[PDB]
Amino acid sequence: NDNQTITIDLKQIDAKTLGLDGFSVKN
Amino acid sequence: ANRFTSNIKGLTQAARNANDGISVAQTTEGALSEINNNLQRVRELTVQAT
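Peer 1: Go over the layout of surface pockets with me, naming the residues and quoting the values.
Peer 2: When its volume is computed, the largest pocket comes out at roughly 200 Å³. The wall of the largest pocket is formed by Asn1(A), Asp2(A), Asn3(A), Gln4(A), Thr5(A), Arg43(B), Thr46(B), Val47(B) and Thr50(B). Its residues assigned to classes, the lining of the largest pocket comprises one nonpolar, six polar and two charged.

Written out as structure tokens, the structure reads:
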């Protein structure tokens, strides 16, 4: 029938959305 | 006897008319079968499209 769905979720995984934006270990 | 002859000829002709009526329904029913099959395939496609 209609409306018979299983929902798959997708999360944006990248440096910006992981806290690793600007990750440096030197000056 | 003369009245009987009218019934014999009348009923015999009437049975011929009844045979025509059966043919009309069969021809109409036959076309509906392909319409049903086309609808069945369309239903399958919508399941694949949604």
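Next comes the rest of the description.
Peer 1: Let's hear about the pattern of salt bridges: which residues, and what values?
Peer 2: All names here are of chain B. Using the criterion set out here, one finds one salt bridge over all chains in the structure. Residues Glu44 and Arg41 are paired through a salt bridge, measuring 3.3 Å at the closest nitrogen-oxygen approach. Pair noted here: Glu44 and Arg41 are both in helix α1 (residues 2-49), with a separation of three residues, about one helical turn. With relative accessibility at 49%, the residue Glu44 sits in the partly exposed group.

Calculation criteria
- Residues numbered from 1 in each chain as written, not as in the entry; some residues may be left out.
- Chains lettered and ligands numbered in written order.
- Part of a larger assembly, values for the part shown.
- Heavy atoms only, no water.
- 1 Å grid on protein atoms, 1.4 Å probe; cavity = no way out; pocket = protein on both sides within 12 Å on 5 of 7 lines; lining within 4 Å.
- Points joined across faces, edges and corners; volume = space filled by probe spheres on them.
- Nonpolar A, V, L, I, M, F, W, Y, C, P; charged D, E, K, R; others polar.
- Salt bridge = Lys/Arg side-chain N within 4 Å of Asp/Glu carboxyl O.
- Helix = DSSP H or I, 4+ residues; strand = E, 2+ residues; numbered from the N terminus.
- Buried < 20%, exposed > 50% of the residue type's maximum accessible area, 1.4 Å probe, protein only.

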